[PDB]
Amino acid sequence: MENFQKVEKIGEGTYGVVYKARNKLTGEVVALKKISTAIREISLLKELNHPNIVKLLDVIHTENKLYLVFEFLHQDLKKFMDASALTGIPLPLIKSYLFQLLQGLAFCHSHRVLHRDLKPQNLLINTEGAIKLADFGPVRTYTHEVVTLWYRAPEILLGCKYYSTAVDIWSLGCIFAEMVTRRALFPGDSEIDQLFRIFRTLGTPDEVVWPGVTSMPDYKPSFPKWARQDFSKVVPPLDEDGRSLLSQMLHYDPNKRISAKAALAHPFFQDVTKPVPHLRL
Ligand SMILES: COc1ccc(F)cc1-c1ccnc2[nH]c(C3=CCN([C@H]4CC[C@H](CC(=O)O)CC4)CC3)cc12
């Protein structure tokens with residue numbers, strides 16, 4: 001740790017604080033997260049190297065603290081969306097970012113690694129048009145964030161403890177809808193409000209669309225029964241290729257939900273390109 005100099009605080013989580021830091025004996029600018037089974041599960045993340053995954057450079061265990069050293073990126077997608085809120089991110093750039101994240105997930109998922117907590121703030125962007133997955137899934141000062149449950153898959157909210165890679169596809173579908181509309185798809189402020197916001201839009205799930213849903217640990221037969229609203233209302237003015245892909249990413253049944261690998265073949269990406277975003281750093 002004596003090999004690093006703090007420059008500023010760049011973030012916070014339930015169990016850690018993140019700083020922008022400088023490596024004294026290499027000159028590298030990194031992001032440093034300060035926090036036996038964990039030491040091994042995080043050492044496996046060091047081998048999960050892909051152009052669309054923020055590089056985990058090192059793991060340092062020093063005097064009852066764990067430090068994670070990552071490659072530094074200047075902006076996150078949440079800030080870029082907040083900065084593009086009045087104009088909207090151009091469709092070619094939304095498509096490029098979605099494609100790149102599906103490539104990163106196809107990679108993680110093939111190595112049996114789930115992210116579990118995809119949200120705009122852990123999607124980092126650079127000046128080259130790249131987007132990368134960060135912070136693969138207590139400090140008393142951590143401030144509760146409005147967006148915390150907004151991207152949670154319904155199986156997680158329904159108490160499934162052995163959920164699959166499909167939970168990441170759900171979170172990315174929510175992010176895709178948000179880039180298009182400039183508003184959060186399911187802005188829930190509690191587990192039940194999050195569940196009911198999903199139900200209000202996609203219809204209350206039942207055994208027809210999600211076999212086994214009524215046997216989930218937190219499923220209650222007393223949940224109000226909302227009709228599925230027609231999908232053209234959910235992400236206007238996104239085209240039919242985009243709406244079709246999004247509907248597949250938001251299927252209730254995790255087994256019907258499109259995989260990252262199949263999503264890359266979707267006709268929506270036939271004209272995918274890699275535009276350069278305009279970033280003000
Ligand atoms: C999500 O990423 C992580 C999570 C855990 C972790 F351990 C490391 C990383 C991580 C890895 C690599 N590179 C990174 N870069 C960054 C940020 C760079 C600048 N962001 C800005 C500051 C200014 C704000 C506006 C204002 O406050 O005025 C608008 C947002 C914050 C986040 C975080 C981060």
# chains A, B, ... in the order shown; residues from 1 in each chain; ligands from 1
>>> select_by_dssp(residues="segment 99-256 of chain A", states="strand (DSSP E)", output="ChimeraX atom specification")
/A:123-125,131-133
>>> closest_atom_pairs(of="chain A", to="ligand 1", cutoff="9 Å", atoms="only C-alpha atoms and all ligand atoms", output="JSON lines")
{"residue": "A:9", "atom": "CA", "partner": "ligand 1", "partner_atom_place_in_ligand_line": "31 (C)", "distance": 8.4}
{"residue": "A:10", "atom": "CA", "partner": "ligand 1", "partner_atom_place_in_ligand_line": "31 (C)", "distance": 4.6}
{"residue": "A:11", "atom": "CA", "partner": "ligand 1", "partner_atom_place_in_ligand_line": "32 (C)", "distance": 5.7}
{"residue": "A:12", "atom": "CA", "partner": "ligand 1", "partner_atom_place_in_ligand_line": "5 (C)", "distance": 7.5}
{"residue": "A:13", "atom": "CA", "partner": "ligand 1", "partner_atom_place_in_ligand_line": "5 (C)", "distance": 7.7}
{"residue": "A:16", "atom": "CA", "partner": "ligand 1", "partner_atom_place_in_ligand_line": "7 (F)", "distance": 7.7}
{"residue": "A:17", "atom": "CA", "partner": "ligand 1", "partner_atom_place_in_ligand_line": "7 (F)", "distance": 7.5}
{"residue": "A:18", "atom": "CA", "partner": "ligand 1", "partner_atom_place_in_ligand_line": "7 (F)", "distance": 5.3}
{"residue": "A:19", "atom": "CA", "partner": "ligand 1", "partner_atom_place_in_ligand_line": "33 (C)", "distance": 7.8}
{"residue": "A:20", "atom": "CA", "partner": "ligand 1", "partner_atom_place_in_ligand_line": "15 (N)", "distance": 7.3}
{"residue": "A:30", "atom": "CA", "partner": "ligand 1", "partner_atom_place_in_ligand_line": "12 (C)", "distance": 6.8}
{"residue": "A:31", "atom": "CA", "partner": "ligand 1", "partner_atom_place_in_ligand_line": "12 (C)", "distance": 5.0}
{"residue": "A:32", "atom": "CA", "partner": "ligand 1", "partner_atom_place_in_ligand_line": "7 (F)", "distance": 6.0}
{"residue": "A:33", "atom": "CA", "partner": "ligand 1", "partner_atom_place_in_ligand_line": "7 (F)", "distance": 4.2}
{"residue": "A:34", "atom": "CA", "partner": "ligand 1", "partner_atom_place_in_ligand_line": "7 (F)", "distance": 7.7}
{"residue": "A:54", "atom": "CA", "partner": "ligand 1", "partner_atom_place_in_ligand_line": "12 (C)", "distance": 6.3}
{"residue": "A:55", "atom": "CA", "partner": "ligand 1", "partner_atom_place_in_ligand_line": "12 (C)", "distance": 8.0}
{"residue": "A:56", "atom": "CA", "partner": "ligand 1", "partner_atom_place_in_ligand_line": "11 (C)", "distance": 8.5}
{"residue": "A:67", "atom": "CA", "partner": "ligand 1", "partner_atom_place_in_ligand_line": "7 (F)", "distance": 8.8}
{"residue": "A:68", "atom": "CA", "partner": "ligand 1", "partner_atom_place_in_ligand_line": "7 (F)", "distance": 6.5}
{"residue": "A:69", "atom": "CA", "partner": "ligand 1", "partner_atom_place_in_ligand_line": "7 (F)", "distance": 7.5}
{"residue": "A:70", "atom": "CA", "partner": "ligand 1", "partner_atom_place_in_ligand_line": "11 (C)", "distance": 5.4}
{"residue": "A:71", "atom": "CA", "partner": "ligand 1", "partner_atom_place_in_ligand_line": "12 (C)", "distance": 5.3}
{"residue": "A:72", "atom": "CA", "partner": "ligand 1", "partner_atom_place_in_ligand_line": "13 (N)", "distance": 3.6}
{"residue": "A:73", "atom": "CA", "partner": "ligand 1", "partner_atom_place_in_ligand_line": "13 (N)", "distance": 4.0}
{"residue": "A:74", "atom": "CA", "partner": "ligand 1", "partner_atom_place_in_ligand_line": "18 (C)", "distance": 4.6}
{"residue": "A:75", "atom": "CA", "partner": "ligand 1", "partner_atom_place_in_ligand_line": "19 (C)", "distance": 4.8}
{"residue": "A:76", "atom": "CA", "partner": "ligand 1", "partner_atom_place_in_ligand_line": "20 (N)", "distance": 5.8}
{"residue": "A:77", "atom": "CA", "partner": "ligand 1", "partner_atom_place_in_ligand_line": "30 (C)", "distance": 8.7}
{"residue": "A:78", "atom": "CA", "partner": "ligand 1", "partner_atom_place_in_ligand_line": "30 (C)", "distance": 7.5}
{"residue": "A:79", "atom": "CA", "partner": "ligand 1", "partner_atom_place_in_ligand_line": "29 (C)", "distance": 5.1}
{"residue": "A:80", "atom": "CA", "partner": "ligand 1", "partner_atom_place_in_ligand_line": "29 (C)", "distance": 8.4}
{"residue": "A:119", "atom": "CA", "partner": "ligand 1", "partner_atom_place_in_ligand_line": "1 (C)", "distance": 8.9}
{"residue": "A:120", "atom": "CA", "partner": "ligand 1", "partner_atom_place_in_ligand_line": "1 (C)", "distance": 8.4}
{"residue": "A:121", "atom": "CA", "partner": "ligand 1", "partner_atom_place_in_ligand_line": "1 (C)", "distance": 5.3}
{"residue": "A:122", "atom": "CA", "partner": "ligand 1", "partner_atom_place_in_ligand_line": "1 (C)", "distance": 3.6}
{"residue": "A:123", "atom": "CA", "partner": "ligand 1", "partner_atom_place_in_ligand_line": "1 (C)", "distance": 6.4}
{"residue": "A:124", "atom": "CA", "partner": "ligand 1", "partner_atom_place_in_ligand_line": "2 (O)", "distance": 6.6}
{"residue": "A:125", "atom": "CA", "partner": "ligand 1", "partner_atom_place_in_ligand_line": "15 (N)", "distance": 8.8}
{"residue": "A:133", "atom": "CA", "partner": "ligand 1", "partner_atom_place_in_ligand_line": "1 (C)", "distance": 8.2}
{"residue": "A:134", "atom": "CA", "partner": "ligand 1", "partner_atom_place_in_ligand_line": "2 (O)", "distance": 5.2}
{"residue": "A:135", "atom": "CA", "partner": "ligand 1", "partner_atom_place_in_ligand_line": "5 (C)", "distance": 4.7}
{"residue": "A:136", "atom": "CA", "partner": "ligand 1", "partner_atom_place_in_ligand_line": "5 (C)", "distance": 8.3}
>>> closest_residue(among="A:130, A:245, A:48, A:265", to="residue 101 of chain A", atoms="only C-alpha atoms")
A:130
>>> select_by_dssp(residues="segment 153-255 of chain A", states="alpha helix (DSSP H)", output="PyMOL selection string")
chain A and resi 154-157+166-181+191-202+240-249
>>> write_last_selection(atoms="C-alpha atoms", output="JSON list (two decimals), in the first residue's frame")
[["chain", "number", "residue", "atom", "x", "y", "z"],
["A", 154, "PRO", "CA", -37.54, -10.80, -10.63],
["A", 155, "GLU", "CA", -36.21, -14.23, -9.58],
["A", 156, "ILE", "CA", -33.87, -12.48, -7.12],
["A", 157, "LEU", "CA", -36.75, -10.35, -5.74],
["A", 166, "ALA", "CA", -29.98, -14.67, -16.85],
["A", 167, "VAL", "CA", -30.04, -12.16, -13.92],
["A", 168, "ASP", "CA", -27.34, -10.13, -15.76],
["A", 169, "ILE", "CA", -29.35, -10.17, -19.03],
["A", 170, "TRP", "CA", -32.37, -8.75, -17.12],
["A", 171, "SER", "CA", -30.21, -5.92, -15.63],
["A", 172, "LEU", "CA", -28.72, -5.13, -19.05],
["A", 173, "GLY", "CA", -32.23, -5.03, -20.61],
["A", 174, "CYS", "CA", -33.26, -2.45, -17.95],
["A", 175, "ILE", "CA", -30.15, -0.39, -18.79],
["A", 176, "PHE", "CA", -30.87, -0.66, -22.57],
["A", 177, "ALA", "CA", -34.46, 0.65, -21.97],
["A", 178, "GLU", "CA", -33.04, 3.50, -19.85],
["A", 179, "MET", "CA", -30.51, 4.58, -22.51],
["A", 180, "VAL", "CA", -33.34, 4.73, -25.08],
["A", 181, "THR", "CA", -35.98, 6.49, -23.03],
["A", 191, "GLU", "CA", -38.38, -4.87, -2.83],
["A", 192, "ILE", "CA", -42.18, -4.96, -3.09],
["A", 193, "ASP", "CA", -42.40, -1.63, -4.98],
["A", 194, "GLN", "CA", -39.69, -2.93, -7.37],
["A", 195, "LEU", "CA", -41.65, -6.16, -7.90],
["A", 196, "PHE", "CA", -44.96, -4.32, -8.41],
["A", 197, "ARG", "CA", -43.39, -1.82, -10.85],
["A", 198, "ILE", "CA", -42.22, -4.81, -12.94],
["A", 199, "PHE", "CA", -45.69, -6.44, -12.69],
["A", 200, "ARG", "CA", -47.48, -3.18, -13.69],
["A", 201, "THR", "CA", -45.51, -3.02, -16.95],
["A", 202, "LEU", "CA", -44.95, -6.70, -17.92],
["A", 240, "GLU", "CA", -38.99, -3.25, -33.87],
["A", 241, "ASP", "CA", -35.54, -4.95, -33.91],
["A", 242, "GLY", "CA", -34.65, -3.20, -30.64],
["A", 243, "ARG", "CA", -38.08, -3.86, -29.06],
["A", 244, "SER", "CA", -37.90, -7.56, -30.00],
["A", 245, "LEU", "CA", -34.44, -7.90, -28.42],
["A", 246, "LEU", "CA", -35.48, -6.02, -25.29],
["A", 247, "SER", "CA", -38.60, -8.21, -24.87],
["A", 248, "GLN", "CA", -36.36, -11.30, -24.98],
["A", 249, "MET", "CA", -34.01, -9.80, -22.38]]
>>> atom_distance(atom1="atom CA of residue 190 of chain A", atom2="atom CA of residue 84 of chain A")
27.5 Å
>>> closest_residue(among="A:6, A:220, A:116, A:132", to="residue 53 of chain A", atoms="only C-alpha atoms")
A:132
>>> closest_residue(among="A:83, A:131, A:258, A:29", to="residue 95 of chain A", atoms="only C-alpha atoms")
A:131
>>> residues_around(residues="residue 271 of chain A", least_positions_apart="4", cutoff="10 Å", atoms="only C-alpha atoms", output="PyMOL selection string")
chain A and resi 92+95-96+267
>>> write_last_selection(atoms="N, CA and C atoms", output="PDB file, in the first residue's frame")
ATOM      1  N   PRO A  92     -26.875   4.779 -32.651  1.00  0.00           N
ATOM      2  CA  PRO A  92     -25.701   3.967 -32.982  1.00  0.00           C
ATOM      3  C   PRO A  92     -24.789   3.732 -31.780  1.00  0.00           C
ATOM      4  N   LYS A  95     -26.487   1.174 -29.346  1.00  0.00           N
ATOM      5  CA  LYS A  95     -26.324  -0.137 -29.951  1.00  0.00           C
ATOM      6  C   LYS A  95     -24.892  -0.655 -29.750  1.00  0.00           C
ATOM      7  N   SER A  96     -23.889   0.221 -29.943  1.00  0.00           N
ATOM      8  CA  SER A  96     -22.493  -0.166 -29.732  1.00  0.00           C
ATOM      9  C   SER A  96     -22.240  -0.558 -28.278  1.00  0.00           C
ATOM     10  N   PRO A 267     -30.932  -9.705 -35.046  1.00  0.00           N
ATOM     11  CA  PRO A 267     -30.924  -8.752 -36.180  1.00  0.00           C
ATOM     12  C   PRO A 267     -30.672  -7.289 -35.784  1.00  0.00           C
TER      13      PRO A 267
END
>>> residues_around(residues="residue 44 of chain A", least_positions_apart="3", cutoff="12 Å", atoms="only C-alpha atoms", output="JSON, numbers by chain")
{"A": [37, 38, 39, 40, 41, 47, 48, 49, 56, 57, 58, 59, 108, 111, 112, 113, 136]}
>>> closest_residue(among="A:280, A:233, A:182, A:261", to="residue 85 of chain A", atoms="only C-alpha atoms")
A:182
>>> closest_residue(among="A:252, A:231, A:210, A:226", to="residue 153 of chain A", atoms="only C-alpha atoms")
A:252
>>> closest_residue(among="A:103, A:23, A:270, A:215", to="residue 1 of chain A", atoms="only C-alpha atoms")
A:23
>>> atom_distance(atom1="atom CA of residue 35 of chain A", atom2="atom CA of residue 115 of chain A")
18.5 Å
>>> decode(residues="segment 186-201 of chain A", atoms="N, CA, C and O atoms", output="PDB file, in the first residue's frame")
ATOM      1  N   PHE A 186     -37.879   0.552 -14.281  1.00  0.00           N
ATOM      2  CA  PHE A 186     -38.578   0.103 -13.076  1.00  0.00           C
ATOM      3  C   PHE A 186     -37.982   0.767 -11.842  1.00  0.00           C
ATOM      4  O   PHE A 186     -37.187   0.160 -11.122  1.00  0.00           O
ATOM      5  N   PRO A 187     -38.297   2.058 -11.608  1.00  0.00           N
ATOM      6  CA  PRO A 187     -37.679   2.756 -10.483  1.00  0.00           C
ATOM      7  C   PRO A 187     -38.268   2.435  -9.097  1.00  0.00           C
ATOM      8  O   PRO A 187     -38.843   3.322  -8.476  1.00  0.00           O
ATOM      9  N   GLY A 188     -38.068   1.213  -8.607  1.00  0.00           N
ATOM     10  CA  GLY A 188     -38.570   0.764  -7.309  1.00  0.00           C
ATOM     11  C   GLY A 188     -37.764   1.240  -6.114  1.00  0.00           C
ATOM     12  O   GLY A 188     -36.522   1.250  -6.141  1.00  0.00           O
ATOM     13  N   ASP A 189     -38.469   1.635  -5.040  1.00  0.00           N
ATOM     14  CA  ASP A 189     -37.745   2.101  -3.855  1.00  0.00           C
ATOM     15  C   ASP A 189     -37.779   1.140  -2.681  1.00  0.00           C
ATOM     16  O   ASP A 189     -37.347   1.493  -1.592  1.00  0.00           O
ATOM     17  N   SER A 190     -38.299  -0.049  -2.881  1.00  0.00           N
ATOM     18  CA  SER A 190     -38.336  -1.153  -1.904  1.00  0.00           C
ATOM     19  C   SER A 190     -38.503  -2.447  -2.713  1.00  0.00           C
ATOM     20  O   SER A 190     -38.837  -2.379  -3.892  1.00  0.00           O
ATOM     21  N   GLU A 191     -38.269  -3.617  -2.104  1.00  0.00           N
ATOM     22  CA  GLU A 191     -38.377  -4.870  -2.833  1.00  0.00           C
ATOM     23  C   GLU A 191     -39.777  -5.094  -3.386  1.00  0.00           C
ATOM     24  O   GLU A 191     -39.902  -5.486  -4.540  1.00  0.00           O
ATOM     25  N   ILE A 192     -40.812  -4.752  -2.605  1.00  0.00           N
ATOM     26  CA  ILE A 192     -42.181  -4.955  -3.087  1.00  0.00           C
ATOM     27  C   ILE A 192     -42.568  -3.906  -4.130  1.00  0.00           C
ATOM     28  O   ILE A 192     -43.249  -4.250  -5.101  1.00  0.00           O
ATOM     29  N   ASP A 193     -42.096  -2.656  -3.985  1.00  0.00           N
ATOM     30  CA  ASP A 193     -42.397  -1.628  -4.977  1.00  0.00           C
ATOM     31  C   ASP A 193     -41.666  -1.967  -6.288  1.00  0.00           C
ATOM     32  O   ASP A 193     -42.232  -1.808  -7.350  1.00  0.00           O
ATOM     33  N   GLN A 194     -40.448  -2.519  -6.200  1.00  0.00           N
ATOM     34  CA  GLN A 194     -39.692  -2.929  -7.371  1.00  0.00           C
ATOM     35  C   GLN A 194     -40.447  -4.056  -8.077  1.00  0.00           C
ATOM     36  O   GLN A 194     -40.672  -3.989  -9.278  1.00  0.00           O
ATOM     37  N   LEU A 195     -40.920  -5.038  -7.317  1.00  0.00           N
ATOM     38  CA  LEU A 195     -41.647  -6.156  -7.903  1.00  0.00           C
ATOM     39  C   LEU A 195     -42.928  -5.672  -8.563  1.00  0.00           C
ATOM     40  O   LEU A 195     -43.189  -6.027  -9.695  1.00  0.00           O
ATOM     41  N   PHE A 196     -43.694  -4.802  -7.894  1.00  0.00           N
ATOM     42  CA  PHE A 196     -44.959  -4.316  -8.414  1.00  0.00           C
ATOM     43  C   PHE A 196     -44.778  -3.389  -9.614  1.00  0.00           C
ATOM     44  O   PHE A 196     -45.603  -3.426 -10.505  1.00  0.00           O
ATOM     45  N   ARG A 197     -43.673  -2.636  -9.675  1.00  0.00           N
ATOM     46  CA  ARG A 197     -43.385  -1.824 -10.846  1.00  0.00           C
ATOM     47  C   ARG A 197     -43.120  -2.725 -12.047  1.00  0.00           C
ATOM     48  O   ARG A 197     -43.577  -2.414 -13.149  1.00  0.00           O
ATOM     49  N   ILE A 198     -42.443  -3.856 -11.836  1.00  0.00           N
ATOM     50  CA  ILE A 198     -42.216  -4.805 -12.938  1.00  0.00           C
ATOM     51  C   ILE A 198     -43.573  -5.403 -13.387  1.00  0.00           C
ATOM     52  O   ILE A 198     -43.860  -5.470 -14.575  1.00  0.00           O
ATOM     53  N   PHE A 199     -44.384  -5.834 -12.428  1.00  0.00           N
ATOM     54  CA  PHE A 199     -45.688  -6.441 -12.686  1.00  0.00           C
ATOM     55  C   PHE A 199     -46.611  -5.476 -13.431  1.00  0.00           C
ATOM     56  O   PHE A 199     -47.331  -5.916 -14.325  1.00  0.00           O
ATOM     57  N   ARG A 200     -46.624  -4.198 -13.054  1.00  0.00           N
ATOM     58  CA  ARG A 200     -47.482  -3.180 -13.687  1.00  0.00           C
ATOM     59  C   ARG A 200     -47.194  -3.057 -15.171  1.00  0.00           C
ATOM     60  O   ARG A 200     -48.116  -2.901 -15.980  1.00  0.00           O
ATOM     61  N   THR A 201     -45.914  -3.137 -15.544  1.00  0.00           N
ATOM     62  CA  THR A 201     -45.513  -3.016 -16.952  1.00  0.00           C
ATOM     63  C   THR A 201     -45.619  -4.347 -17.728  1.00  0.00           C
ATOM     64  O   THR A 201     -46.212  -4.390 -18.810  1.00  0.00           O
TER      65      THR A 201
END
